[PDB]
């Protein structure tokens, strides 16, 4: 049970470069977050506009001040919407006792991207 009329927009723009497969995986995480919120009674908007209350983004929140005024993240801060990273969004869901792994048919650890850090752990 979430706030009455939460309207969540998922930012579609990235500010990091990544390979095709890693991009696909980020989209899977996005979709998983989406079912999570749908389950809490959120409305997931297709467009960004002034009726949006929460924006969920893969971009640098700390560096929003450096973006153009027309950027949805700028407009979101200006309108006092919450701006969350995927990680913070996931924390929020967990805090409301949503079990993300119960939402998918596939493994939710399958959405981790551990390769490089595993090669570093092994090298060390």
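Positions refer to the first chain, counted from 1.
- Between 27 to 35 and 93 to 101, the higher mean Cα B-factor belongs to 93 to 101.
- According to the PDB record, 105 to 113 carries the higher mean C-alpha B-factor of the two stretches 17 to 25 and 105 to 113.
- Residue-level temperature factors show residue 84 in the middle third of its chain, judged at the C-alpha atom.
- In the PDB entry, residue 71 places in the middle third of its chain by CA B-factor.
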